[PDB]
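Colleague: Data file work_25.cif (mmCIF, C-alpha atoms) is appended below.
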data_run
loop_
_atom_site.label_atom_id
_atom_site.label_comp_id
_atom_site.auth_asym_id
_atom_site.auth_seq_id
_atom_site.Cartn_x
_atom_site.Cartn_y
_atom_site.Cartn_z
CA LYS A 5 0.00 0.00 0.00
CA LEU A 6 3.14 2.25 0.34
CA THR A 7 3.13 4.89 -2.34
CA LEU A 8 6.03 6.28 -4.36
CA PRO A 9 6.70 9.91 -5.27
CA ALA A 10 4.14 11.30 -7.75
CA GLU A 11 6.50 13.50 -9.74
CA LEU A 12 10.16 13.90 -10.62
CA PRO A 13 11.90 16.53 -8.45
CA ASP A 14 13.60 19.74 -9.67
CA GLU A 15 17.25 18.55 -9.78
CA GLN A 16 18.39 21.87 -8.41
CA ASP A 17 15.93 21.66 -5.41
CA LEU A 18 18.04 19.55 -3.07
CA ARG A 19 15.27 19.22 -0.57
CA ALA A 20 12.95 17.91 -3.38
CA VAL A 21 15.69 15.52 -4.58
CA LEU A 22 16.24 14.21 -1.01
CA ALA A 23 12.53 13.80 -0.40
CA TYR A 24 12.09 11.79 -3.68
CA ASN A 25 15.02 9.54 -2.89
CA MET A 26 14.13 8.95 0.76
CA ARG A 27 10.64 7.88 -0.28
CA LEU A 28 11.86 5.72 -3.21
CA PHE A 29 14.41 3.84 -1.05
CA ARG A 30 12.24 3.43 1.98
CA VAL A 31 9.39 2.12 -0.16
CA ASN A 32 11.80 -0.37 -1.74
CA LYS A 33 12.51 -1.59 1.78
CA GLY A 34 8.80 -1.99 2.73
CA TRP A 35 9.10 0.95 5.16
CA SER A 36 6.59 3.61 6.08
CA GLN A 37 7.79 7.12 7.04
CA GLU A 38 7.27 6.17 10.65
CA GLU A 39 9.40 3.00 10.23
CA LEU A 40 12.24 4.93 8.50
CA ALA A 41 12.17 7.38 11.40
CA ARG A 42 12.37 4.54 13.95
CA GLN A 43 15.27 3.02 11.94
CA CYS A 44 17.24 6.31 12.18
CA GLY A 45 16.28 7.19 15.70
CA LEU A 46 14.43 10.30 14.41
CA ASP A 47 11.01 11.69 15.27
CA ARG A 48 8.33 10.45 12.78
CA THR A 49 6.85 13.94 12.50
CA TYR A 50 10.38 15.22 11.47
CA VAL A 51 10.85 12.53 8.81
CA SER A 52 7.40 13.12 7.42
CA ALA A 53 8.16 16.89 7.21
CA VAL A 54 11.54 16.24 5.49
CA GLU A 55 9.62 14.40 2.80
CA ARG A 56 7.48 17.53 2.39
CA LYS A 57 10.72 19.54 2.10
CA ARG A 58 10.19 21.45 5.37
CA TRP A 59 13.61 21.13 7.03
CA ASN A 60 17.17 22.29 6.42
CA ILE A 61 18.39 18.81 7.38
CA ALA A 62 21.90 18.40 8.83
CA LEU A 63 24.55 16.15 7.41
CA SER A 64 24.36 13.78 10.44
CA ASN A 65 20.75 13.02 9.70
CA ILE A 66 21.43 12.47 6.01
CA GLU A 67 24.11 10.01 7.13
CA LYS A 68 21.70 8.17 9.46
CA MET A 69 18.96 7.79 6.82
CA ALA A 70 21.52 6.59 4.29
CA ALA A 71 22.90 4.02 6.78
CA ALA A 72 19.36 2.77 7.62
CA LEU A 73 18.43 2.59 3.90
CA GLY A 74 21.71 0.79 3.06
CA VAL A 75 22.81 3.36 0.46
CA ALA A 76 25.79 5.72 0.15
CA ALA A 77 24.85 9.20 1.48
CA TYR A 78 25.54 10.79 -1.88
CA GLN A 79 22.76 8.63 -3.49
CA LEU A 80 20.21 10.61 -1.35
CA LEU A 81 21.26 13.82 -3.18
CA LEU A 82 21.60 12.24 -6.62
CA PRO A 83 18.66 13.22 -8.74
CA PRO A 84 16.59 10.22 -9.88
CA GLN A 85 16.81 11.53 -13.49
CA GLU A 86 20.56 11.31 -13.31
CA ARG A 87 20.51 7.93 -11.59
CA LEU A 88 18.24 6.56 -14.33
CA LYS A 89 20.37 8.22 -17.00
CA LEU A 90 23.51 6.49 -15.60
CA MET A 91 21.66 3.14 -14.90
CA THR A 92 20.01 2.67 -18.29
CA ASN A 93 21.77 5.13 -20.66
CA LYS B 5 50.62 27.75 -3.53
CA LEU B 6 47.13 26.28 -2.68
CA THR B 7 47.51 22.82 -1.26
CA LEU B 8 45.35 19.74 -1.82
CA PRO B 9 44.20 17.21 0.77
CA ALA B 10 47.07 15.09 2.14
CA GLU B 11 45.19 11.83 2.50
CA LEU B 12 42.17 9.98 1.16
CA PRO B 13 39.14 10.28 3.47
CA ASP B 14 37.29 7.40 5.21
CA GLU B 15 34.38 6.91 2.75
CA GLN B 16 32.02 6.37 5.63
CA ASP B 17 33.11 9.68 7.37
CA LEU B 18 30.86 12.09 5.49
CA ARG B 19 32.46 15.08 7.08
CA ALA B 20 35.92 13.81 5.93
CA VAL B 21 34.54 13.12 2.42
CA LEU B 22 33.01 16.65 2.23
CA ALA B 23 36.18 18.28 3.49
CA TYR B 24 38.33 16.42 0.86
CA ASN B 25 35.98 17.35 -1.95
CA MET B 26 35.52 20.99 -0.94
CA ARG B 27 39.30 21.43 -0.87
CA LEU B 28 39.87 19.53 -4.16
CA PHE B 29 37.23 21.58 -6.05
CA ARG B 30 38.12 24.92 -4.59
CA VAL B 31 41.80 24.35 -5.33
CA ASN B 32 40.87 23.46 -8.92
CA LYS B 33 39.20 26.86 -9.11
CA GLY B 34 42.24 28.78 -7.72
CA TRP B 35 40.32 29.53 -4.51
CA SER B 36 41.53 29.80 -0.95
CA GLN B 37 39.23 28.80 1.94
CA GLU B 38 38.55 32.46 2.49
CA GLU B 39 37.60 32.95 -1.20
CA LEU B 40 35.26 29.90 -1.18
CA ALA B 41 33.60 31.37 1.91
CA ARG B 42 33.15 34.76 0.21
CA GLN B 43 31.72 32.96 -2.87
CA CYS B 44 29.06 31.24 -0.70
CA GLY B 45 28.35 34.15 1.58
CA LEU B 46 29.71 32.14 4.55
CA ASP B 47 32.08 33.13 7.34
CA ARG B 48 35.73 32.18 6.48
CA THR B 49 36.28 30.80 9.97
CA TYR B 50 33.21 28.47 9.40
CA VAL B 51 34.48 27.22 6.02
CA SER B 52 37.93 26.61 7.40
CA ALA B 53 36.40 24.60 10.31
CA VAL B 54 34.21 22.55 7.89
CA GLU B 55 37.41 21.51 6.16
CA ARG B 56 38.68 20.32 9.55
CA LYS B 57 35.41 18.39 9.96
CA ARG B 58 34.16 20.52 12.88
CA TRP B 59 30.56 21.24 11.84
CA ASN B 60 27.33 19.33 11.29
CA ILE B 61 26.74 21.37 8.12
CA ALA B 62 23.17 21.92 6.90
CA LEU B 63 21.92 21.01 3.47
CA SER B 64 21.52 24.71 2.48
CA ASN B 65 25.21 25.31 2.97
CA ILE B 66 26.14 22.18 1.02
CA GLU B 67 23.94 23.56 -1.76
CA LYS B 68 25.66 26.97 -1.67
CA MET B 69 29.20 25.53 -1.81
CA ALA B 70 28.19 23.23 -4.65
CA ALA B 71 26.65 26.16 -6.60
CA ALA B 72 29.79 28.31 -6.05
CA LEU B 73 32.08 25.40 -7.06
CA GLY B 74 29.94 24.64 -10.14
CA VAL B 75 29.31 21.00 -9.19
CA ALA B 76 26.19 18.96 -8.38
CA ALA B 77 25.64 18.83 -4.58
CA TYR B 78 25.92 15.06 -4.56
CA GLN B 79 29.55 15.30 -5.89
CA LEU B 80 30.50 16.93 -2.51
CA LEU B 81 29.47 13.68 -0.73
CA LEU B 82 30.87 11.30 -3.34
CA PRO B 83 34.05 9.79 -2.06
CA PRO B 84 37.08 10.62 -4.24
CA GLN B 85 37.94 6.87 -4.36
CA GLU B 86 34.59 6.18 -5.92
CA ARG B 87 34.81 9.16 -8.27
CA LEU B 88 38.22 7.95 -9.48
CA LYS B 89 36.93 4.39 -9.73
CA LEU B 90 34.03 5.57 -11.97
CA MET B 91 36.25 8.09 -13.93
CA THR B 92 39.13 5.77 -14.81
CA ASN B 93 37.86 2.22 -14.12
#
For this file, produce the structure as structure tokens.

Modeller:
Amino acid sequence: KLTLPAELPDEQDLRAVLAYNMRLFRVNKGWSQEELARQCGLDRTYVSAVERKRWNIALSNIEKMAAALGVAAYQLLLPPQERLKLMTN
Amino acid sequence: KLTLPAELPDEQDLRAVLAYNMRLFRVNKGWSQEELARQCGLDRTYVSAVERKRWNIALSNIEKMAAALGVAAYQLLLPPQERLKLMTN
């Protein structure tokens, strides 16, 4: 029932890029927002707001989400358009 | 006279990875720490301390350094070992 991002993010909008990627990766893991937050030791309200681009998130919290999601931190800031471009073209 | 990083960073240490990359890219541009700080509208003391891994830097400041350096934000978090691996292997 876990839904993916509806639209591609502006590649320049780093918050939008992060939010897209967080949601894509957590959904691939079968994780709700709440579950991702529990995995990182972050407040579920905070994680949900990050996905709505509300917070100037610190590097340490990027690092924790990336560790919980099992990806390199830089993959959270890599626009999905670029990832796909590299992956399939 | 602008010197490059002395050692490769621990790829897991995101602060170390950022500091390596900031210094590599700014040196490629002919920029001191002070100059990079002026380019981003950041305090030179703060930029110098980021390169010594002292600060839990926010996403907005990552974005500003990346815009001043003319690179994608995610390249600041991409370990130089990986970059080289992709670039030449």

Colleague: Apply the PyMOL selection byres ((chain B) within 6 of (chain A)) to the structure shown and report the selected residues as a list in words.

Modeller: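 That selection, the PyMOL selection byres ((chain B) within 6 of (chain A)), comes back as residues 60, 61, 62, 63, 78, 81 and 82 of chain B.
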
Colleague: When the PyMOL selection byres ((chain A and resi 43) around 12) is applied to the structure above, which residues does it catch, written out as a ChimeraX atom specification?

Modeller: /A:30,33,35-42,44-48,51,65,68-74

Colleague: Counting all atoms listed in the file, which residue out of B:75, B:9, B:91, B:34 sits closest to residue B:21?

Modeller: B:9

Colleague: For atom CA of residue A:50 and atom CA of residue B:26, determine how far apart the two atoms are, in Å to one decimal place.

Modeller: 28.6 Å

Colleague: What gap, in Å, lies between atom CA of residue A:7 and atom CA of residue A:32?

Modeller: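 Distance between the two atoms: 10.2 Å.
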
Colleague: Figure out the distance between atom CA of residue B:84 and atom CA of residue B:13, please, to one decimal in Å.

Modeller: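 A separation of 8.0 Å between them.
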
Colleague: For residue B:55, which of B:8, B:20, B:29, B:90 is the closest residue, counting all atoms listed in the file?

Modeller: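 For residue B:55, the nearest of the given residues is B:20.
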
Colleague: Of the residues A:56, A:49, A:6, A:89, which is the one nearest to residue A:23, using only C-alpha atoms?

Modeller: A:56

Colleague: Using only C-alpha atoms, which of A:58, A:28, A:86, A:52 sits nearest residue A:11?

Modeller: A:28
